Amino acid sequence: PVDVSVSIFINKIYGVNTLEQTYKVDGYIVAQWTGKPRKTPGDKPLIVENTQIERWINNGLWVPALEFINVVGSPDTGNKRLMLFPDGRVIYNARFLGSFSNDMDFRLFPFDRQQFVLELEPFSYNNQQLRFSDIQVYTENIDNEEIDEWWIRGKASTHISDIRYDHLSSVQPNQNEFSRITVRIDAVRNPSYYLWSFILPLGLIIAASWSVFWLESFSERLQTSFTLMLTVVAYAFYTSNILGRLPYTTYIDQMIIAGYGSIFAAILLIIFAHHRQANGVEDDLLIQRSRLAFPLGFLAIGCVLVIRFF
Amino acid sequence: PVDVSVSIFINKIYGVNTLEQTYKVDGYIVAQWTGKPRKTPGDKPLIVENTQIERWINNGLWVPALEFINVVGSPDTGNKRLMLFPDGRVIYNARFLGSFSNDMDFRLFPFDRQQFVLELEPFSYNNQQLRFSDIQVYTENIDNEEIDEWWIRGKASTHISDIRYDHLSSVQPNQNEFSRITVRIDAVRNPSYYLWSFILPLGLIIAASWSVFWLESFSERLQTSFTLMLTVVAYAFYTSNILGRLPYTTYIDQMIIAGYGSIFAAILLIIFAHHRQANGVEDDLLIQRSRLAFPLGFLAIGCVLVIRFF
Amino acid sequence: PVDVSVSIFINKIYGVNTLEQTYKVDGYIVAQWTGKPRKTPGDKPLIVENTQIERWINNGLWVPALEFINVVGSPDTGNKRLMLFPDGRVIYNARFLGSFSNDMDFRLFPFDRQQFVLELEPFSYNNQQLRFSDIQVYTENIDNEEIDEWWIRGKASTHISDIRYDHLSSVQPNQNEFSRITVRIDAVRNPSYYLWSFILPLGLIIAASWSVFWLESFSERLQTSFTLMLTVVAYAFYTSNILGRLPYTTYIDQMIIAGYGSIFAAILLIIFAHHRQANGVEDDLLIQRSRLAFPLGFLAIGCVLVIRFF
Amino acid sequence: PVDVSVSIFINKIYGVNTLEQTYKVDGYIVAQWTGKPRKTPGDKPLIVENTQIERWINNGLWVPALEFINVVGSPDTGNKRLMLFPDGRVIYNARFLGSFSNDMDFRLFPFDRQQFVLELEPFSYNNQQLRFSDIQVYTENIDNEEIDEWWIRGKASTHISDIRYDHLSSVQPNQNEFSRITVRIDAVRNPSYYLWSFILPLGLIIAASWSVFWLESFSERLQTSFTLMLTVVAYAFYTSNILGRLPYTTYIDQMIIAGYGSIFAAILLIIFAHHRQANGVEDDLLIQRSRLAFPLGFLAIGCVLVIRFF
Amino acid sequence: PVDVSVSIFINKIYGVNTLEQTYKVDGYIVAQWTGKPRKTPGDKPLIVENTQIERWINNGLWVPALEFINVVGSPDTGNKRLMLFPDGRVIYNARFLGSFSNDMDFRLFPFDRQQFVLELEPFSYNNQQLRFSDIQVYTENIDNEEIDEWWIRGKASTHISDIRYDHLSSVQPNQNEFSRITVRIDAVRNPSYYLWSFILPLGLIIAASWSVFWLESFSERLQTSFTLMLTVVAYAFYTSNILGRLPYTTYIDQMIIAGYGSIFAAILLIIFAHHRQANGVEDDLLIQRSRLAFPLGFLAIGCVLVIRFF
């Protein structure tokens, strides 16, 4: 095996698409190994630009191709460079722009915490012929920044592991484990936009539907509330435009369902007050005092989940 | 004919688009055959990376190109590798990322069960010159997982068949049958999102329109119901954003049409109660008792289909 | 001139986009001609795969490039093959996936009948140097199937014609006519989706607005109708999401305009009934009997067009 | 300088996107010049197909590359051909499919008149080394046709000019002027779709809001009008889906603002009638006679602009 | 080090997408350096077109590749040219079309002022082997123009700096600083479209909700206002279609929240007037005089921010 030392410099992270849980990473990858000594023009290292490395690979140079495991599509490699030293070490530098994908858990949607994962692996050479010594990730450009709505908290975590592939076991008897490099970058979602953009209008709608119980007109108790019901019902697919069609429920959908329950319970409660109007003149005060208990009890509904969920 | 043994390793399945019934498959394909013995450096097998296989094909090596039949666009082949053995066998390993298409039947839309199909076939060599011995599909990464909203149930089914092509009969007299490999992966749709996102709000709207019959105001019987009618009418094209413009009707559209029938029948029933108001003071109770029968009978409508359909 | 015999096998037709009147065709194209006899390894025909045909073209082989005239973008050629025979005939087989475009007439939109047209033509060689003997279209995979919402009725029609190009007349004096091959595949749109998805809800809305004339409350005559007016007005741009911004009107837009006329005429009729209320107590029955004539006469409006249009 | 004679044949014009003011042009470009006499096989001209011209350029042939100035992205050149004559003249024929961009003035949006502009220019050779003798544009396929919603009126105008580039002045002292070819194709927008799709529904809404002044119920004067106000307000961003976010106002937006002014003036007028109800029983007729003047005066508003604008 | 003189000519700037803060730049880049003297055909400089420069790079010519740092994806280089002089200087001219990205601050959204930034840098050669002498930016085509909705004010600013890269420090001991060129083009957003398209309709809605306090009907005080509330609530996500999901609030969102506060305060104020109706006949005038103070005080709310923000 030959040891390869990697250095990944993340230029920027952009285009975090939560619909299909893919993000876009731009950066540079440096892979340095050692070989037989060679002669170079002068004592300076020889620099081979793009569309000239293939001329050296044709002549017999050994340049492994390191692929990205969790990519979507293909990584768009731009300029690439090969630095050959007189002492006999080779440096393969390249620029990559890849749409990577990682599994995300959007339970706590407004207050989420995810991680962007970069997986690097040789395509053909296993650990018997290629090993990863170490990786230093230089996340200086996005160390503590906000990209679109995600804060990058802390540094990046690096891991070197061995992955056993069983589909190559029929062609390689006992050498089918490949060295894999994992780079994890923690990100925390910014809840401010949803706080002033959906939390406040939904809370205002819910408070307006709370304040409909004080009216002395029955038709205006029912029509305005119903309206508010129908608007909150129309607010159902807000999360499905941002995220995907998730099986679980998020905080925003939980408060939407809570608004459904509260407003429909108010509708059924005033209809049950009309049920209790046997003579049509009877007025309720103990069950219509919900004017005071309705808002508080609903408030409790959300906080309970809030605590249980975080 | 020369026998080719295939091994397809599905890295991940993502991007299941039901509008045009295409999904995206990432993975590795290994095709192993045997030939004349050759000399290699040392006793180890010789590994030929990408943009170096063509140099061997130019010199006279026999590397068939296996295409994907049911692809949309072209498969995006990334890194590719050729392993030549001293005993005289050749292994062609490649990474494919293809947008494949399969026919889907969205009758039971929330509780669907489809299959993802991968079809592999030589482009030029028929079964007289190329045969598929066996395929082992290594679906270990997606064995029992949820990808976006589809559960992968069970293992993958493999089939090797012969497809007779009639367009090559005018150029090949009696050898126009090609060996085809089919990989079927069963998937079951997760009904949870539609259960809490569309089933519950539509049921709440329908129950609210059921509870409008108890009012003692005629204008408020009609205006609120009509509203609920117009919202359920506005809920018509929900399925056409997820799936295509299907000729048949799904469960969601069936309950939407059932809501149309129930709510419009309530509208026509209260209008017919006003028809029976010859003196304008007559009140109905046998036909206005639908307050009790209306909800139940409607409930029956859906269950009947539910049973007949599953 | 040298005669070229073509065989086009349509693998599948998908992605029929009516916004820009383009569809996507996948298939195989076989072009067979004859030349000088040559020597091949053994007596079997020699098969030349992709990225190896150019080596033969460099050495002096004559392989014409047949382009697609009505394509949008460029056809995505995948694998390609060249079969050379010892008797001296050449077969050029290729796989094409092209976004083709044809003019469509969406007058009868729900009950349309279009045709998918494939035009094939040599790029450089005219009929003095290249002629098309015959084309057999093998439409076996889509013979009688439904693709997305189009039924393929009957077989495919083939035509071989000569197209005179005037832009090459300044460089070629009397030889500027190119042989063109046209393949026409008839398709009929399935009206079922629009029948249960837009025909029925619009008919229900129109019937509900018909049934508003029986009310004994004037404000509830006007507000509900107006609403129904405003919803039918909001249903104007349904056709523009499916098709383009057509200059003519389709069946769906014709019934939308008919709903405009009927509902606005009902609005103006009840307002004119209020006009006739000089003392405010006068009630009309001859012009308010429209309760019976209104629905029928409107029904007549559509059928008349229906017959005139089909 | 060497004179180059151009012939541009427009196959079709499609995909006119007014959001970013780009259209798509498919066609053929022929560039003919003369050089030293050469020997060809026989007396017929020699035809060099695609991926074979570069072999002649390597050997020393002079083939200039003519770029398109106003393109978006890069032009997708398909098949290309080089015709070499025994008398010593070279013809470069190519097929281009380019997304071109031109500045458009959407003041009169429904009744617009734009022009599609194709700009062709040598990339490197100035007028001291390359001149354009003449261009004949063969717009026979789209001479008098409708493409999507644009009529092509008249023929195409051709112009040959010299463009002085100042960024090449630091590297070329007195030779930095390049020969440019401009092709202008006049197009007139079809106003029919907007006439039956937005002009008529907006006019119907405005007429319905005109006819609300005849009611003898004050609450029904206000609620229905307000509704109509809110719908016309919701019709604000119709132009921004077709065109971009223009700084000026179009005819459709001008009539939308006119509907705002008319309907809000009716709202403020009936509220001012309630202002004049000091005793609550006073009824106005001179200022409430707007029933007659309101519709006419509004009609005048639009026509005035109509005339001033065209 | 060898000095390289750059000249960037911006052909056009288009496609300013504020959702992901990327724009598209088309233009030409000229890089001129000097080397050893060489012999050319005649005394004229030798011009090497595209797909011929690589033949010179193979033979030993030194052509550095200058990349764009802030690009998204990869720059689409079209035609490229190499001008070699007899005195021994090399000019590399190229055409670039790149999707560049810059950080934007959408606080003052309708009255914004941003800058488009182009960053150019050698891929491999540091300042010890490649230096940038000067750059002249020829922004003559977009000097004082409006592109889509942005005015280009003033000229372009050029800067040459040194960027220290730490990821190359492990492979280069003390030479890891690269010469970088920054081009800044100031742009000012045109507020006219938002002035006539969203400022005026929102102001009209707010004024209509101001004018609801003058009614002598309580149900019509509440229902119309509520409606206006619900429409202004529905106007929440207007900014999120133009820009992204920003954490801060813009002017349009600030006035939307101000409309929320004003209209909901009017709703709570008329409900509190009903609270003060202990006998149900009491009418307020000091707190219901808001008819005069309500509009003015709200007006003040916006202006205060306006001044504090600009």
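All of this is worked out from the model, or read from it or from the source named; no laboratory read-out is quoted. All Cβ positions, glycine included, derive from the backbone under ideal geometry; neighbour counts span all protein chains shown.
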Test: residue in region B:215-238 that is in the same structural domain as B:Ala300 (by TED's automatic domain parsing) and farther than 25 Å from A:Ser225 by Cβ: yes
Some residue of region B:220-239 being charged (D, E, K, R) and within 23 Å of B:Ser101 (Cα to Cα): no
Near pairs, Cβ below 8 angstrom, 6+ apart or cross-chain, from region B:81-96 (free of Cβ contacts under 8 Å to residues at least 40 places away in the same chain) to any residue that is in a strand (DSSP E or B) and among the polar types (S, T, N, Q): B:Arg81/B:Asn93; B:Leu82/B:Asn93; B:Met83/B:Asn93
Residue match in region B:25-37 (condition: within 12 Å of chain A (Cβ to nearest Cβ), touching an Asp or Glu at 6+ places or on another chain (Cβ under 9 Å), surrounded by fewer than 18 Cβ atoms within 10 Å (Cβ to Cβ) and not polar (S, T, N, Q)): no
Filter result (touching a residue at least 60 places away in the same chain (Cβ under 8 Å) and either within 14 Å of chain C (Cβ to nearest Cβ) or crowded, with 21+ Cβ neighbours inside 10 Å (or both)) within region B:160-186: B:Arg180, B:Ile181, B:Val183, B:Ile185
Cross-chain or 6+ apart pairs with Cβ under 7 Å, region D:1-17 first and facing chain C (nearest Cβ under 8 Å) and in contact (Cβ under 8 Å) with a residue 24 or more places away in the chain, then of a type in the set (D, E, K, R) and surrounded by 21 or more Cβ atoms within 10 Å (Cβ to Cβ): D:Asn11/D:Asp26; D:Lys12/D:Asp26
Hits in region B:246-271 (condition: within 9 Å of another protein chain (Cβ to nearest Cβ) and aromatic (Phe, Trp, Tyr)): B:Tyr248, B:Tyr260, B:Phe264
From D:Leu195, D:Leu202, residue being touching a residue at least 12 places away in the same chain (Cβ under 8 Å) and surrounded by fewer than 16 Cβ atoms within 10 Å (Cβ to Cβ): D:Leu195
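Against the definition (at negative phi and either in contact with a helix residue (DSSP H, G or I) (Cβ under 6 Å, 6 or more places away or on another chain) or in a helix (DSSP H, G or I) (or both)), how does C:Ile10 come out, yes or no? Reasoning before the result, please.
On the way: at negative phi: yes; either in contact with a helix residue (DSSP H, G or I) (Cβ under 6 Å, 6 or more places away or on another chain) or in a helix (DSSP H, G or I) (or both): no.
Spelling it out, it is not the case that C:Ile10 is at negative phi and either in contact with a helix residue (DSSP H, G or I) (Cβ under 6 Å, 6 or more places away or on another chain) or in a helix (DSSP H, G or I) (or both).
Just give me the residues in region C:237-296 being of a type in the set (D, E, K, R) and in contact (Cβ under 8 Å) with a residue 12 or more places away in the chain, in sequence order. Talk me through it step by step, then tell me what you get.
So in region C:237-296, the residues of a type in the set (D, E, K, R) come out as C:245, C:253, C:276, C:282-284, C:289, C:291.
Residues satisfying the conditions are C:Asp253, C:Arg291.
Only residues that are of a type in the set (A, V, I, L, M) and either farther than 12 Å from D:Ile270 by Cα or at the interface with chain C (Cβ under 8 Å from one of its Cβ atoms) (or both): list them for region D:196-226, please.
Restricting attention to region D:196-226, the residues satisfying the condition of being of a type in the set (A, V, I, L, M) are D:199-200, D:202, D:204-208, D:212, D:215, D:222.
The answer is D:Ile199, D:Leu200, D:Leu202, D:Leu204, D:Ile205, D:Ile206, D:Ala207, D:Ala208, D:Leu215.
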Region D:58-85: number of residues that are within 14 Å of chain C (Cβ to nearest Cβ), on the phi < 0 side of the Ramachandran plot and surrounded by fewer than 17 Cβ atoms within 10 Å (Cβ to Cβ): 5
Some residue of region B:146-163 being farther than 30 Å from A:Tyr165 by Cα and not polar (S, T, N, Q): yes
Residue, nearest to the chain's Cα centre (by Cα), within region B:99-129, restricted to residues that are of a type outside the set (S, T, N, Q), within 11 Å of chain C (Cβ to nearest Cβ) and under 30 Å from B:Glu54 (Cβ atoms): B:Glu119
